[PDB]
Each structure stands twice: as structure tokens, then as C-alpha cells.
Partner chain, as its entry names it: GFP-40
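Shown below, as C-alpha cells, is a lone chain in the form solved without its partner chain; questions about how it binds or moves come after it.
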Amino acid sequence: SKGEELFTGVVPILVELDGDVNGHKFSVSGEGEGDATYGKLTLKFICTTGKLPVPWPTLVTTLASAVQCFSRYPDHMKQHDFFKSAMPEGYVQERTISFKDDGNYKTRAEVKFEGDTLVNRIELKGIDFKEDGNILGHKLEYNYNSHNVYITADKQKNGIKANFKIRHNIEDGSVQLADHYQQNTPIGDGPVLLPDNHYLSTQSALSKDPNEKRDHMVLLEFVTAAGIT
């Protein structure tokens, strides 16, 4: 597509999130870069309101949803890249993240170019969380397992849908499932690529900046599109 030409090099990324989980209000700011040619994303997130009331791993898919734009689509699959085709005008995203035996996050995001920078503005609303649950009780390990994002076309809405499962590791050795349902529609009136069924193979690594005293998260992600031969 035409929008793919904007991703041939290193693109700066800005992430801004406003959240409310069970009345606990917070804000997160993120800075980094993505290099789609290698399906690479590097981002550092900082909680600007103080301490994050939810564990950092629970916010990775939301805070770094722009990784979908940096997915390396193999040459034979390039006509299936919705994300880049929606650029520079961008897309609006909505998700419902359901934590098994706990609450849910409902998100609304806009991913678009502001000059040569890819900006992701997000609003997160979390309800029905248990006080001593895995989320509000901070019982999740600071790590991330590899996963696949299953994409299907939504022809009538001129966009896409996505479904995936995240398995957060609990400190006792168990797993906290987070079911994701996603919908994306373009902001602009220009033509976008409506894909055939495929998936985004994701690999993530969470770390800390040794010199950072604020509540933060450093993320390194690698994403490759697959599913079509």
C-alpha cells in the first residue's frame, strides 16, 4: 500500500494513556521507535501520576498496540497489512480485555501520524476488579510470554477484528488469562487493505532502566506476520 512507504525506516513513537481501574486514576507516557523492516519496537513507559495501580504486564497489549503497525509483513503477505494502509490518517481501535475470574479493561485508542511521529492516544476503563485479585493485588510476575494476534477482516465496517489470549504468569506459578477482543476502523476516507485470515507472531521482553526512579516499563518487541503461504 501507499501507507507502507512511511515505514521503510526508523519511525519515532509517542504513547499517551489515561486510565481508570476501579476508581484508581492514572496516566502513562511512552517514548520509543519502531523499525518495521525488522518487525522491531522499543518503548519506555513512565507512570506520570505516581505508582501504577495495576501490574505493568496487564497494560503491554494496550500501551504497545502500535507494535501492530511495526509488524514485519513478508513480501508475499504485504497486501494483507491493514495497519500501515490506514496511515498517515490512522485508525481507531477498541478492545475488551477480559481477565478470567476478575474484571475487564475497555479501551479506545487512536493511532496516527503527527508529522513524522506515530502517536497512540489511549483511554482505558477498568471495572469489576477484585481487591485482592491478581490485578489489584499485584500478584503478576514482571515478564511476558510469546503470543499470536489472530486477524480477520470486517468488510462491512471497512476495517478488521482481532482475537487473542494473553497468559500472565502469577507469582505462585499459575496463570492469569486475559482474553482480548479487538476492532479497528480507519479514520481517513482513503482505501485500506482488508486482509485474509492471518496472525501476528509476537515475542516480548520486559526490563527496567537501572537509573529510573519513577514507576516504569522498558519493552522490546518483535512481530512477524504469518499464516499465509
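Positions refer to the first chain, counted from 1.
- [ ] Using only the Cα atoms and their B-factors as the entry lists them, report which of 148-156 and 123-131 averages higher.
- [x] Averaged over C-alpha atoms, the B-factors run higher in 148-156.
Open item on the list: Highest mean C-alpha temperature factor of the two stretches 16-24 and 207-215, which is it?
Closed with: So the stretch with the higher mean C-alpha B-factor is 207-215.
Task: Residue with highest C-alpha B-factor in the PDB entry, from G39, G190, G30, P57 - done: Result of the comparison over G39, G190, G30, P57: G190.
Task: Residue, from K78, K112, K84, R95, that the PDB entry assigns the highest Cα B-factor - done: Of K78, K112, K84, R95, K78 has the highest C-alpha B-factor.
TODO: Select lowest, middle or highest to describe the third in which the CA B-factor of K44 falls within its chain in this entry.
DONE: Lowest third.
- [ ] Tell me, lowest, middle or highest third: where does the Cα B factor of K51 rank within its chain?
- [x] Highest third, going by the recorded CA B-factors of the chain.
Task: Record-listed C-alpha B factor of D35: chain third - done: It belongs to the lowest third of the chain when residues are ordered by C-alpha B-factor.
TODO: Name the third of the chain's ranked CA B-factors that contains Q68, choosing lowest, middle or highest.
DONE: CA B-factor rank for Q68: lowest third.
Open item on the list: Could you place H180 in the lowest, middle or highest third of its chain by Cα temperature factor, using the values in the record?
Closed with: According to the entry, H180 has a C-alpha B-factor in the chain's lowest third.
Note that the form deposited with its partner chain bound isn't included here; everything after this is about it.
Task: in the deposited bound form, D20 touching its partner chain (heavy atom, 4.5 Å) - done: Although its partner chain is absent here, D20 would stay clear of it in the deposited bound form, with no heavy atoms inside 4.5 Å.
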